[PDB]
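Written out below as structure tokens is the structure these notes cover.
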Amino acid sequence: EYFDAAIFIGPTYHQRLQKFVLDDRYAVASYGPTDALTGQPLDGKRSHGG
Amino acid sequence: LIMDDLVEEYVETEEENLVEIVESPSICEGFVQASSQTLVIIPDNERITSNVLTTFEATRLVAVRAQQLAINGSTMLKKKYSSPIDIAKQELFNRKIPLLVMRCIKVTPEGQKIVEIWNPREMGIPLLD
Amino acid sequence: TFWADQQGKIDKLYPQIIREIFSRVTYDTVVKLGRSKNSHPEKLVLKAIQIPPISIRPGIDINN
């Protein structure tokens, strides 16, 4: 179905910012590395838990 | 040898203006143990707290019952369910939950805990939906 | 470190001397100065420190 209004479509230069979801997304299970002192999970994705 | 990454320093700048001879006995002072309290249950006609369960209290009842149904398996629901959460929720709604709500309003220095024991099966039930 | 000056004559108040002086203090002075009986000045000098449990010093830097 054609739209009732005329749609403004044209070339626009677009940039892919280097913020990938695959790097940013993280999920952890119920167990993993823990801090020896406080017994809590380590900090962040890089430590594979937290 | 440039070390870098110093541990800094930490400064606190404030003041806490917290506004018969005697010797050392071991029984007059001390006694870290607290005296055992006695439970005073306010009579059912002297209770002045709400007869409608708060959402907090109803949620706590359902959660406790659901956990106990996770460890046990006995219930009073004619309509069987596959989840303990559903069983506990319907037990609360159908007014057949085997739990009592104790509301504590006092700690008397004489070692007296004054409470109001409320029956969830006779109480109003909040929305929860 | 503490320094005791007697009209220009100074002698170091070593922790042992301070401990003896504080042991000379009675409970009446502590109470009448508001300090709790469990806060007696004698407790401020230690002859046997506490080595903390390995729970708070794991990994084999504070252990140094």
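Scheme for the structure tokens: letters A, B, ... for chains in order shown; per-chain residue numbers from 1; ligand numbers from 1 in order shown.
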With chain C as the partner and 9 Å as the cut-off, tabulate the residues of chain A that qualify, each row holding the nearest pair of atoms and their distance in Å to one decimal, using only C-alpha atoms, sorted by chain and rising number, as a Markdown table.
```
| residue | atom | partner | partner_atom | distance |
| --- | --- | --- | --- | --- |
| A:36 | CA | C:58 | CA | 6.3 |
| A:37 | CA | C:56 | CA | 5.8 |
| A:38 | CA | C:56 | CA | 7.9 |
```
Could you save those same residues with N, CA and C atoms as a PDB file, in the first residue's frame?
```pdb
ATOM      1  N   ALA A  36      39.181 -13.296  46.719  1.00  0.00           N
ATOM      2  CA  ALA A  36      39.658 -14.037  47.883  1.00  0.00           C
ATOM      3  C   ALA A  36      39.313 -13.313  49.176  1.00  0.00           C
ATOM      4  N   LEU A  37      39.353 -11.984  49.156  1.00  0.00           N
ATOM      5  CA  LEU A  37      39.136 -11.211  50.371  1.00  0.00           C
ATOM      6  C   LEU A  37      37.663 -11.183  50.758  1.00  0.00           C
ATOM      7  N   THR A  38      36.821 -10.591  49.914  1.00  0.00           N
ATOM      8  CA  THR A  38      35.422 -10.381  50.258  1.00  0.00           C
ATOM      9  C   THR A  38      34.516 -11.537  49.867  1.00  0.00           C
TER      10      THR A  38
END
```
Neighbours of chain B in chain C at 9 Å, counting only C-alpha atoms, as a PyMOL selection string: chain C and resi 26-28+31+37
Residue selection dump (C-alpha atoms) as a PDB file, in the first residue's frame:
```pdb
ATOM      1  CA  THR C  26      41.079   4.046  89.360  1.00  0.00           C
ATOM      2  CA  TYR C  27      37.623   3.388  87.946  1.00  0.00           C
ATOM      3  CA  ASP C  28      36.173   6.346  89.858  1.00  0.00           C
ATOM      4  CA  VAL C  31      33.459   7.188  85.477  1.00  0.00           C
ATOM      5  CA  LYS C  37      34.185   1.515  82.455  1.00  0.00           C
TER       6      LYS C  37
END
```
7 Å contact set for region 34-37 of chain B, only C-alpha atoms, chain neighbours under 2 positions out, as JSON, numbers by chain: {"B": [32, 39, 111, 112, 113]}
Distance of CA of residue 76 (chain B) from CA of residue 103 (chain B), expressed in Å to one decimal place: 25.4 Å
Spatial neighbours of residue 45 (chain A), 10 Å, only C-alpha atoms, chain gap at least 6 places, as a PyMOL selection string: chain A and resi 23-28
Running DSSP on the backbone, which parts of chain C land in strand (DSSP E or B), as a tab-separated table (two decimals) with C-alpha atoms, in the first residue's frame?
```
chain	number	residue	atom	x	y	z
C	2	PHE	CA	55.09	11.38	73.67
C	3	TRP	CA	57.42	13.84	75.40
C	4	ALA	CA	57.20	14.74	79.09
C	5	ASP	CA	58.80	18.10	79.92
C	6	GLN	CA	59.55	18.84	83.58
C	9	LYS	CA	63.86	18.54	81.49
C	10	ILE	CA	62.38	16.13	78.95
C	11	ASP	CA	62.05	12.34	79.20
C	12	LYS	CA	60.34	10.06	76.70
C	13	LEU	CA	56.99	8.71	77.85
```
Members of chain A assigned alpha helix (DSSP H) by DSSP, as a PyMOL selection string: chain A and resi 21-24
Å distance separating CA of residue 78 (chain B) from CA of residue 96 (chain B), one decimal place: 11.3 Å
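Going from CA of residue 61 (chain B) to CA of residue 101 (chain B) covers 8.0 Å.
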Contact residues around residue 43 (chain A) with only C-alpha atoms at 12 Å, ignoring same-chain residues under 4 positions, as a PDB file with N, CA, C and O atoms, in the first residue's frame:
```
ATOM      1  N   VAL A  28      26.278 -13.952  32.919  1.00  0.00           N
ATOM      2  CA  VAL A  28      27.028 -14.802  33.828  1.00  0.00           C
ATOM      3  C   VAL A  28      26.069 -15.773  34.500  1.00  0.00           C
ATOM      4  O   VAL A  28      24.880 -15.491  34.665  1.00  0.00           O
ATOM      5  N   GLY A  32      31.451 -18.758  39.493  1.00  0.00           N
ATOM      6  CA  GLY A  32      32.621 -18.349  38.755  1.00  0.00           C
ATOM      7  C   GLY A  32      33.716 -17.850  39.675  1.00  0.00           C
ATOM      8  O   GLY A  32      33.727 -18.139  40.875  1.00  0.00           O
ATOM      9  N   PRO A  33      34.668 -17.100  39.123  1.00  0.00           N
ATOM     10  CA  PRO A  33      35.748 -16.551  39.952  1.00  0.00           C
ATOM     11  C   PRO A  33      35.208 -15.636  41.041  1.00  0.00           C
ATOM     12  O   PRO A  33      34.289 -14.848  40.818  1.00  0.00           O
ATOM     13  N   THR A  34      35.808 -15.735  42.224  1.00  0.00           N
ATOM     14  CA  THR A  34      35.414 -14.940  43.377  1.00  0.00           C
ATOM     15  C   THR A  34      36.634 -14.255  43.966  1.00  0.00           C
ATOM     16  O   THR A  34      37.758 -14.754  43.865  1.00  0.00           O
ATOM     17  N   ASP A  35      36.402 -13.100  44.581  1.00  0.00           N
ATOM     18  CA  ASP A  35      37.475 -12.383  45.251  1.00  0.00           C
ATOM     19  C   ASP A  35      37.874 -13.124  46.520  1.00  0.00           C
ATOM     20  O   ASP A  35      37.017 -13.540  47.303  1.00  0.00           O
ATOM     21  N   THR A  38      36.821 -10.591  49.914  1.00  0.00           N
ATOM     22  CA  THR A  38      35.422 -10.381  50.258  1.00  0.00           C
ATOM     23  C   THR A  38      34.516 -11.537  49.867  1.00  0.00           C
ATOM     24  O   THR A  38      33.343 -11.534  50.247  1.00  0.00           O
ATOM     25  N   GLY A  39      35.016 -12.517  49.122  1.00  0.00           N
ATOM     26  CA  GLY A  39      34.190 -13.628  48.706  1.00  0.00           C
ATOM     27  C   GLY A  39      33.178 -13.306  47.633  1.00  0.00           C
ATOM     28  O   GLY A  39      32.416 -14.194  47.239  1.00  0.00           O
ATOM     29  N   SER A  47      36.949 -10.313  33.899  1.00  0.00           N
ATOM     30  CA  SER A  47      37.320 -11.325  34.878  1.00  0.00           C
ATOM     31  C   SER A  47      36.460 -12.579  34.793  1.00  0.00           C
ATOM     32  O   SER A  47      36.642 -13.484  35.613  1.00  0.00           O
ATOM     33  N   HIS A  48      35.532 -12.642  33.835  1.00  0.00           N
ATOM     34  CA  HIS A  48      34.645 -13.790  33.636  1.00  0.00           C
ATOM     35  C   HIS A  48      33.706 -13.992  34.824  1.00  0.00           C
ATOM     36  O   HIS A  48      33.402 -15.122  35.203  1.00  0.00           O
ATOM     37  N   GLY A  49      33.245 -12.894  35.408  1.00  0.00           N
ATOM     38  CA  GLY A  49      32.232 -12.964  36.444  1.00  0.00           C
ATOM     39  C   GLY A  49      32.063 -11.607  37.084  1.00  0.00           C
ATOM     40  O   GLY A  49      32.993 -10.799  37.134  1.00  0.00           O
ATOM     41  N   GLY A  50      30.857 -11.367  37.578  1.00  0.00           N
ATOM     42  CA  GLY A  50      30.572 -10.158  38.333  1.00  0.00           C
ATOM     43  C   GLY A  50      29.323  -9.440  37.842  1.00  0.00           C
ATOM     44  O   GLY A  50      28.268 -10.048  37.705  1.00  0.00           O
TER      45      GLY A  50
END
```
Shell around residue 43 (chain C) at 12 Å using only C-alpha atoms, local window under 5 positions removed, as a CSV table (one decimal) with C-alpha atoms, in the first residue's frame:
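As written to disk, result33.csv reads:
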```csv
chain,number,residue,atom,x,y,z
C,15,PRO,CA,54.5,2.9,76.2
C,18,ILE,CA,52.3,5.2,80.1
C,19,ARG,CA,50.9,1.7,80.8
C,20,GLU,CA,52.0,1.9,84.4
C,21,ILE,CA,50.6,5.4,84.8
C,22,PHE,CA,47.3,4.3,83.3
C,23,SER,CA,47.2,1.2,85.5
C,25,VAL,CA,44.2,5.2,87.4
C,36,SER,CA,32.8,4.1,80.1
C,37,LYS,CA,34.2,1.5,82.5
C,38,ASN,CA,35.0,-0.6,79.4
C,48,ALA,CA,49.8,-8.5,72.9
C,49,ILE,CA,48.5,-7.2,69.6
```
Surrounding residues of residue 64 (chain B) excluding itself and chain neighbours under 5 positions, 10 Å, only C-alpha atoms, as a ChimeraX atom specification: /B:58-59,69-70,85,88,99
